[PDB]
Amino acid sequence: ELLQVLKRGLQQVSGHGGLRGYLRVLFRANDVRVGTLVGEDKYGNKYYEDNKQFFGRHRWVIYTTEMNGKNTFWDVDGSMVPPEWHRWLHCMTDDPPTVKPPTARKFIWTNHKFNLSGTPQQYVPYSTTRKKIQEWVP
Amino acid sequence: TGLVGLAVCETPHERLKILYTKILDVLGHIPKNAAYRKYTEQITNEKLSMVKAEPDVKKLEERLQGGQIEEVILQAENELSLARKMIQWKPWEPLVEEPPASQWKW
Amino acid sequence: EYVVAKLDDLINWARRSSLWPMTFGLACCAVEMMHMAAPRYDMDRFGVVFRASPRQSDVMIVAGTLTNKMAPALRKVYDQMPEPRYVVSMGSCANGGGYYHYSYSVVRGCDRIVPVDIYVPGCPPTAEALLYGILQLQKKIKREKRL
Amino acid sequence: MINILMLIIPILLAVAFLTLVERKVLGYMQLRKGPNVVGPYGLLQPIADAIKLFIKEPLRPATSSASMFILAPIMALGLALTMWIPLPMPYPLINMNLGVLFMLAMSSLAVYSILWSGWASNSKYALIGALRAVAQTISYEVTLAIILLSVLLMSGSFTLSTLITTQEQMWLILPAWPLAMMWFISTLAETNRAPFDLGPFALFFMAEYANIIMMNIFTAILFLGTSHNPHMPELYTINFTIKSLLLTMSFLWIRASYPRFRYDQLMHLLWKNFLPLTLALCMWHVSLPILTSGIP
Amino acid sequence: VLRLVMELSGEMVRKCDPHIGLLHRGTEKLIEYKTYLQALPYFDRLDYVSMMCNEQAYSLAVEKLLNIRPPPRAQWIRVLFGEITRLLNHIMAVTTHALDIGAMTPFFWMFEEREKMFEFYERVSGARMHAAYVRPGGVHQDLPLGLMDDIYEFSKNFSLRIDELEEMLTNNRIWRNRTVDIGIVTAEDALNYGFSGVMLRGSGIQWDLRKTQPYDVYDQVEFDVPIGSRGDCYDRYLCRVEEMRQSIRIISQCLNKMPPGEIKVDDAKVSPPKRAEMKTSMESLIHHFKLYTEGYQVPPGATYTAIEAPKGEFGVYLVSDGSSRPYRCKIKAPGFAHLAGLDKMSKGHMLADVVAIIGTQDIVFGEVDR
Amino acid sequence: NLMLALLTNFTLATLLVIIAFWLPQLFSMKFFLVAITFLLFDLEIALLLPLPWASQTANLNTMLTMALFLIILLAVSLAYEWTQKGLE
Amino acid sequence: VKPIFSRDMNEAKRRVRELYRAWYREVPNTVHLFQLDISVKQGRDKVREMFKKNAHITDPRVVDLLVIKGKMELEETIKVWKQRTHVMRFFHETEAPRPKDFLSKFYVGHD
Amino acid sequence: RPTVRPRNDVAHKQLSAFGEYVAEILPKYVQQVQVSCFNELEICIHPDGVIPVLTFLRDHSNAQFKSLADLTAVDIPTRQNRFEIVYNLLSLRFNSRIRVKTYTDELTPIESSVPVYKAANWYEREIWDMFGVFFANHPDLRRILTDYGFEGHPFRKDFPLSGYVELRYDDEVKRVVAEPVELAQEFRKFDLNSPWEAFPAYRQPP
Amino acid sequence: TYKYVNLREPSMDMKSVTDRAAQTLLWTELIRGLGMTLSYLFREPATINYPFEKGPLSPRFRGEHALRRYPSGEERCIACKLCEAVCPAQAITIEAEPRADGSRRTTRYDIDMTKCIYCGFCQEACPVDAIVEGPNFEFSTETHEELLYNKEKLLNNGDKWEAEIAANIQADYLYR
Ligand SMILES: NC(=O)c1ccc[n+]([C@@H]2O[C@H](COP(=O)([O-])OP(=O)(O)OC[C@H]3O[C@@H](n4cnc5c(N)ncnc54)[C@H](OP(=O)(O)O)[C@@H]3O)[C@@H](O)[C@H]2O)c1
Ligand code: SF4
Ligand code: SF4
Ligand code: SF4
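## Some thoughts on the overall build of chain C
- The helix and strand inventory of chain C stands at 5 helices and 3 strands.
- Mapped in sequence order, the helices and strands of chain C form the string α-α-β-α-β-α-β-α.
- Relative to the 2.2 N^0.38 estimate, which gives 15 Å for 147 residues, the radius of gyration of chain C is 16 Å and therefore close to what a compact globule would have.
- A principal-axis box enclosing the C-alpha atoms of chain C has dimensions of 55 × 35 × 25 Å.
- Counting only contacts in chain C whose residues sit at least 6 apart along the sequence, the fraction spanning at least 24 positions is 80%.
- Taken together, the 19 basic and 13 acidic charged side chains of chain C have centroids lying 4 Å from each other.

Take a look at the structure:
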């Protein structure tokens, strides 16, 4: 019973990477876990699942290194990951590249965009009406 | 044995009989033509007959109370205060106050 | 030259590590702010400590609705705060009066009393969305004092 | 004389690295995850709190009365660090002529740290709550002296080095069964925030948590021992640290598990109830060396 | 949150006048301009803890004006969600009360379980906390297929989870030391304040609204009401935990009795018709156009309704015109009743006792508005 | 040295205060009765302090009657604290 | 008669006099206990301009209600209540303030 | 009817007995108008005596109410007499809900319900706050839901929803929070009122 | 119904008195209370770290507003002022003008996030299903101006969430 607990941790470190791979899942990632991975998403997103662990949990998933133009690996928010949030991430049971396909309409954006934030190229308010016209000419 | 309320459950009979006989006399001081005396007296006389017939039975306490004698004693305790206030301020005997303005429908 | 640029990030890393918020129980939002303590969604000792205290805290979360009675009350709390202070307006009431707004008593915007750095739009501000407010605060701290 | 610096610098690190233990061990008690994002297991956070509070965090005093407020943390940190000197350990730094008398003296002077902070604020609003915090510490120091003497009267003089030698085969928990229960409660009165709770403000944290480790070690001398071994210093050093760490878990156990006892009923647990109990056991411990031969 | 002006003779309180109302949102004048369907989400956002217990009092008030009964299925959802709020409120009636004292564990022990409770709310309605779910037309949306298996799965593990608090808090010496003998008020003078939920129910009078006045399919479901003996803070806390252990009986009976049928009222002058229905048929979409924008067209008259809140009551008093806008109403939350009690509750007690009074009465500051 | 050991702790404690100070640039008389009783009891503790260090050469029979005597009167002083102490 | 209110015609005037003395004594006291703010002399001038707007007196019913209100908004200082120099301040600090003239208001264009 | 009707009238005739019993006393001082609809009873009371009506229903041999719990007030500018203070009363022993109303304009003081009911004083403060109705012989009449520097009464239909003093700036003054600024965002006044009468029998002849 | 909270004297004589005295003399029940947290420490905690793991949700959840469109181009919003009047916060504003020639679909369309208490009422009142509430959490700004939504545009930029919306609405027609 005691020997099986120590051996399970050794198999997890040996599986995902090794010496340099395990450090990436320890320093950058909050929690280290090994399991089945889909590995099909826009940019450098992995999105893993199938792991048991606890109720309402779908593996490590892992954040992307350089999603669009942020070029950050140490710090990344939920700006990453394409249309999959309502799929295998939380709500639906079927995986986005395995069973349930995304619908095409040629209206949705091909490249996924990050959060607006305080950085340039962000959200803005704009006027709509042409207003009451007034003109005077000689 | 003790009641759930703050009022202490004391084993006292005829205590209800004294207070119910006291209030009948107060009603027959000032109002006589008023309906307040004519209606309250027949309820109290109906309740007094149940006390005289049943000797310390829980069924007597269950009649129009059903929360032991302690709750029934509180009904008699404030009855003397209610009768004295009705005797002091004339409302039951006299009716002469002005009518309201004609509006009620919303 | 190189040491000057790297030392500035080290001071910014100290606030990126831990942020102590004020526990204002002035809302329904405050119950969702108590869900930050609830184990399922946690920033507790990830950065957030629920000790609060009016003076020692670096962050203050303005939870939801503010009335004209609390308008002088919340202002004097802000003065007691240390110089590195960040104000999060968690909830639609805090952003500009989610409900009410046109009402007589409720103060619109919160910025009329206390300036806001991070806005959280949600009425019942889901703990998932509340996790952004602290993570964005940590990301927003980039450069302080060049000269 | 270099060993003094080897008993301040690793000790200040021990108070710093408490921040991990004080909310991760406390975390699993409350089913929450503590430090995780900052380090590999949050080991970078304790030192990160130091960079946050010391350098960048500025001051805004209420009145600043010339010498005070910038003198109270010196009394807080100074008295907490000087308590480490008389400690027996495997070997003590500059061993005093009498041990435990120095231990009780610097703890009784540590009451001033919360006294001068009450005088720092000009307002009447703070000093009433400040004097209430003094009452939590001042009252329990009466009993703390009594329960100490009962252990000493069993075996050994005031010297802390003799207390290790007397525990050769069996611990002092078994002969002092009700007295061992007292040291679990009485130590928590000194600003531990478990039975009762009230820049320079950050320095008080470094002093108050330092006393928590100090009471954990001091309980592991008066009641724990197991073995001495003068020839092997290796065996004692490892075995002493594990015993002290188990008492540190029990200090954080009361902080999470149990609500505050009220200030008025803190004076009903003690004085009304504990003081008749402690003195009755003190009466018993006077008779013990007379009934059966037990004199150092 | 609370100002609380204190008068102290040495150490103990002589006069405790709570100068409150620091969160008067001004719902009084504001609802007057809004229509009935427009006024619905105000009631959820009144109290900070109760969600489905709110709107319940408001919807039934409109239902007593319209004289139209909600469908037999929807009434069983109302109890299933009415008792689930009796779980939510009585968690916070214990946890924040213990957090105000100084207890750390019982707050976090229950909030793991309480976060699982909002998974039910999210799967049944849009937002986490507040939902526009209980409506004058009964129930807005039906339960999904996943939820009915989850309620049974939750309740099976719940009985041990609530009993973990009793072996933690009630058995301990600390609570028998602290909360025992604080403001023992049970007399006719205690009845002269009118608390309804707990207090009078918790100690003294055997009266409760659940047994006396049915709302939506009551007396058919077996109820157990805890009534103590002493009017102190400890016995007023024990009954709340005894409410929690004798609440799963209702939820299990809600799972036992579920007749399949209508979700909204079939009459399309009160509740909007189905989305598949409105797109094809004519009268459905015109009624959809007029039940939205324009209100309900309510019958005129003054009506008073009170459904048992875990805190006390929601005495909604709607006064109605011929128009779609309800002209003035007042939500009679027990916040006005509980804070008025502090004039008598504080007599001969310490500053630390005052915090225990607020917690046991459960004065969540959202209550005081109307 | 005891003087060298004590002064090193205080000088490092003073230095920690300057770090935060210099670097950055941009009623009820019922409490009194508790305090007095602390002093009066600790003096009885001061008389009962020598016990483990004193009882080595002196006769036990002469000491036994006198050693308990101080603790008995220390309980009598607490017995006077039971006849209405107050709300504290 | 109906309705009573508190006083009948002439008695209502002397209730204002008793109210005036109580508020005149508090304005020097609400400088040291509260804050300096403006001035002690300027605070007393704020009293006189307040009673000039209220000066009409046609019925004792209107006068009596002003006494109860006068023993509330001016009572927000005597028994020590929190305001923090924000509440109970009557004078405008940020007022423009506008004037009533056909040359001053018409130049700005309003209504 | 199966889903259309809420409840059939059965206790309506039983509750109508109360509409006779209190009216059998017949005071012009007390009774006036008795309305009974939808399992509920409503009584309006002449301003001269409100306390004698509240001492009644309290105790009493026939019906025991005791709890004079919840207390509301109605603002209506249609009538010559403006305000309508509405008492909601509940019985524990009897299990019934009765209503007590006042018909007076009550800009002039009205008699207090404090000597009869203990919690009534807190509700009486709210009526003086929102509506501005003074209670005679009242102990401690203090502002609760209104601001400390608030002018007028916040609920009255005579003035707008936004008010006169509502916006509170900080700007130029270091500590003083502003008050005199009055402007707010535009609340869209909906003119949604349906043509044709909603219900028959409710129509009154001009 | 009655349940009773009072124990009514648990101790009677000799045996029942001593054990009730033993818990007050030493502790026992405090040591028993210590054991409750002891086993609670060993069992695995349910914790979710946000930048990597995500919490549970639902097919129908309301977050940030985004207006949908038809599969073959064309803005689905028809301009009614229907959602304007239902809105309890009055966050949504709509002023409509004819689009070039023939078609009449919107001009001004602002939804305030300073207001909006999130109902799904505008989702329900909409006959064409234009505003559909998508699973959104990420929204954080420096100003009110950046927070309040402009004339469609940013609402039309919800195409990044419209792929999820199209999946979520398939669980919405014939409700659950
Ligand atoms: N009471 C008096 O002292 C007095 C008497 C008579 C007249 N005045 C007049 O009133 C004015 C008072 O202003 P002040 O002294 O209060 O202003 P200040 O405190 O010096 O603030 C000026 C700000 O502008 C920025 N700034 C200015 N020049 C800059 C540059 N070349 N590069 C980068 N940043 C620059 C500074 O930012 P950084 O710090 O980040 O560079 C600084 O924060 C003066 O202009 C003076 O003519 C004053
Ligand atoms: S935004 Fe919503 S949840 Fe937050 S305080 Fe306002 S109404 Fe309550
Ligand atoms: S969102 Fe829907 S209801 Fe609103 S204007 Fe557009 S089409 Fe009409
Ligand atoms: S969710 Fe509610 S408040 Fe928000 S825009 Fe829609 S109707 Fe208005």
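## Considerations on the overall build of chain E
- The secondary structure content of chain E amounts to 16 helices and 7 strands.
- Radius of gyration (C-alpha) of chain E: 21 Å, near the 21 Å computed for a compact globule of 370 residues.
- The principal-axis extent of the C-alpha atoms belonging to chain E is close to 75 × 45 × 30 Å.
- Expressed as a percentage of its 370 residues, the buried residues of chain E come to 73%.
- Intrachain contacts of chain E at a sequence separation of at least 6 include 71% that bridge at least 24 residues.
- By element, 52% of the accessible surface of chain E is carried by carbon and sulfur atoms, the whole surface being about 10,100 Å².
- Mean positive and mean negative side-chain charge positions of chain E (45 and 50 charges, respectively) differ by 3 Å.

## Observations concerning the interface of chain E and chain H
- Listed per partner, the contact involves 60 residues of chain E and 56 residues of chain H.
- For the side of chain E that touches chain H, the elements supplying multiple residues, two or more each, are α1 (27-31), α8 (188-191), α9 (209-212), β5 (301-305), α14 (335-340) and α15 (342-345) of chain E.
- For the side of chain E that touches chain H, the element with the highest residue contribution is α14(E), accounting for 4 residues.
- Per-class residue counts for the side of chain E that touches chain H are 23 nonpolar, 15 polar and 22 charged.

## Topic: the arrangement of the chains
- Taking contact number as the criterion, the leading pair out of 20 pairs of chains in contact is chains E and H.
- Across the gap from chain D to chain H, with no contact made, the nearest C-alpha atoms are 17 Å apart.

## Observations concerning the sheet that holds strand β2 (residues 86-90) of chain C
All names here are of chain C.
- Strands sit in the order β1-β2-β3 across an open sheet of 3 strands; the sheet is parallel. Of all strands in the sheet, those bounded by a partner on one side alone are β1 (59-61) and β3 (118-120). Neighbour to neighbour, the strand axes of the sheet diverge by 15 degrees on average, direction disregarded.
- As defined by bridge partners, β2 adjoins β3 across 3 bridges and the pair is classed as parallel.

## Some words on the sheet that holds strand β3 (residues 67-75) of chain H
Residue and element names in this part refer to chain H.
- Taken together, the 5 strands give an open sheet; going across it, the order is β1-β2-β5-β4-β3, and neighbouring strands pair in mixed fashion. What marks the edges here is a single partner per strand, and that holds for β1 (33-36) and β3. The mean angle between the axes of side-by-side strands here comes to 20 degrees, regardless of whether they run parallel or antiparallel.
- Bridging between β3 and strand β4 (residues 83-90) involves 7 bridges; their strand directions are antiparallel. Its bridge partner lying in β4, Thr72 is registered against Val86.
- Together, β3 and β4 form the strand contacts of helix α3 (residues 120-130), whose direction differs from that of β3 by roughly 5 degrees.

## Here's the deal with the packing of helix α6 (residues 147-170) of chain E against helix α2 (residues 29-42) of chain I
- The contact between α6(E) and α2(I) brings their axes to 8 Å, and the two run at 140 degrees. The angle between α6(E) and α2(I) places the two elements in the oblique class. Taking contact as the criterion, the partners of E:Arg161, E:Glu164, E:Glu167 and E:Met168 in α6(E) are, on α2(I), I:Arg32, I:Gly33, I:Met36, I:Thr37 and I:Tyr40.
- For the contact of α6(E) with α2(I), the per-class residue count stands at 3 nonpolar, 2 polar and 4 charged.

## Details of the pattern of salt bridges
- Salt-bridge contacts for E:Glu122 lead to E:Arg128; the nearest nitrogen and oxygen are separated by 3.0 Å.
- Measuring nitrogen to oxygen at the nearest pair gives 2.8 Å for the salt bridge that ties H:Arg82 to H:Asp158. Residue H:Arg82 is located in the loop between β3 and β4, and its partner H:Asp158 is located in the segment after β7 (135-136); the two are separated by 76 residues in the primary sequence.

## Comments concerning unusual backbone geometry
- That bond from G:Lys2 to G:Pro3 is cis: its omega, 0 degrees, falls within 30 degrees of zero.
- Residue position: G:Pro3 is located in the segment before α1 (10-24).
- Each neighbour pair has its own omega, and for G:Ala96 with G:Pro97 the value is -10 degrees, a cis peptide bond.
- Phi at E:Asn67 is positive, roughly 60 degrees, even though this residue is not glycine.
- Within the secondary structure layout, E:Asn67 lies in the loop between α3 (56-66) and α4 (72-101).
- The backbone of I:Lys153 sits at a positive phi, close to 45 degrees, despite the residue not being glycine.

## Overview of the packing of aromatic side chains
- Judged by centre distance (5.2 Å) and plane angle (15 degrees), the ring pair of E:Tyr218 and E:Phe223 falls under stacked.
- With a centroid separation of 5.4 Å and an interplanar angle of 90 degrees, the aromatic rings of H:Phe18 and H:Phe94 are classed as edge-to-face. Note that H:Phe18 is positioned in helix α1 (residues 12-21) and H:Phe94 in the loop between β4 and β5 (97-102), a separation of 76 residues in sequence.
- Among the aromatic side chains, those forming a connected cluster through ring pairs are E:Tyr36, E:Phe43, E:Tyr58 and E:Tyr296.
- The ring of H:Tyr148 is capped by C:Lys69, whose NZ or CZ atom sits 3.7 Å from the centre of that ring.

## Digging into the environment of H:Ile144
- Summarising the element assignment, H:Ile144 is placed in the segment after β7.
- The spatial distance from the C-alpha of H:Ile144 to the C-alpha of H:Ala184 is 24 Å, given a sequence separation of 40 residues.
- Among residues more than four places away in sequence, those in contact with H:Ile144 are C:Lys69, E:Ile20, E:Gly21, H:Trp122, H:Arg125 and H:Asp129.

## Some words on the pairing of β5(H)
All names here are of chain H.
- As paired elements, strand β2 (residues 41-45) and β5 share 5 bridges and run parallel to each other. Residue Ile43 lies in a different strand from β5, and its bridge partner there is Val100.
- When β4 meets β5, the two strands line up antiparallel, connected through 5 bridges. What sits directly across from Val86, in β5, is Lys101.
- The antiparallel hairpin formed by β4 and β5 contains 6 residues in its connecting segment, where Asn95 sits at a positive phi of about 60 degrees.

## Some words on the environment of G:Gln35
- Summarising the element assignment, G:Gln35 is placed in the loop between α2 (26-32) and α3 (40-54).
- For the pair formed by G:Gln35 and G:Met9, sequence separation is 26 residues and the distance between their alpha carbons is 39 Å.
- Beyond its immediate chain neighbours, meaning those up to four positions away, G:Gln35 contacts G:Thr30 and H:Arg175.

## Overview of the packing of α4(E) against helix α16 (residues 351-361) of chain E
Residues and elements named next belong to chain E.
- Relative orientation of the contacting elements α4 and α16 amounts to 170 degrees, with a least axis distance of 8 Å. The angle between α4 and α16 falls in the class roughly antiparallel. Residue-level inspection shows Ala93, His97 and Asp100 of α4 in contact with α16, the latter providing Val355, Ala356, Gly359 and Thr360.
- Partitioning the contact of α4 with α16 into residue classes produces 3 nonpolar, 3 polar and 1 charged.

## A few points about the side chain of E:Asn89
All names here are of chain E.
- In this fold, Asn89 is placed in helix α4.
- Within the local environment of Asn89, its side chain forms a polar contact with the backbone nitrogen of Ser50, the two atoms lying 3.5 Å apart.
- Those residues within four positions of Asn89 in sequence are excluded, and the remaining contacts are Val49, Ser50, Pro310 and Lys311.

## Looking at the environment of C:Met81
- Among the structural elements, C:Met81 can be located in the loop between α3 (71-80) and β2.
- C:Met81 has contacts with C:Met22, C:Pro54, C:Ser57, C:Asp58, C:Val59 and C:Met60, leaving out every residue within four places of it along the chain.

Basis of the calculations
- Residues numbered from 1 in each chain as written, not as in the entry; some residues may be left out.
- Chains lettered and ligands numbered in written order.
- Part of a larger assembly, values for the part shown.
- Heavy atoms only, no water.
- Residues with missing side-chain atoms left out of burial classes, pairs and counts.
- Helix = DSSP H or I, 4+ residues; strand = E, 2+ residues; numbered from the N terminus.
- Rg over C-alpha atoms; globule rule 2.2 N^0.38 Å.
- Contact = heavy atoms within 4.5 Å.
- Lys, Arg positive; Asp, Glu negative; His and termini not counted.
- Charge placed at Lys NZ, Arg CZ, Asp CG, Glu CD.
- Buried < 20%, exposed > 50% of the residue type's maximum accessible area, 1.4 Å probe, protein only.
- Areas by Shrake-Rupley, 256 points an atom, 1.4 Å probe, with all protein chains shown as cover.
- Nonpolar A, V, L, I, M, F, W, Y, C, P; charged D, E, K, R; others polar.
- Pairing = 2+ DSSP bridges.
- Axes fitted to C-alpha atoms, helices over the stretch in contact; angles between N-to-C directions.
- Parallel < 35°, antiparallel > 145°, perpendicular 65-115°, else oblique.
- Salt bridge = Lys/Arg side-chain N within 4 Å of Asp/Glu carboxyl O.
- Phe/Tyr/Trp six-rings, centres within 6.5 Å; stacked < 30°, edge-to-face > 60°.
- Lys NZ or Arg CZ within 6 Å of the ring centre and 35° of its normal.
- Polar contact = N/O pair within 3.5 Å; in protein donor to acceptor, adjacent residues only side chain to side chain.

These figures capture arrangement, not role.
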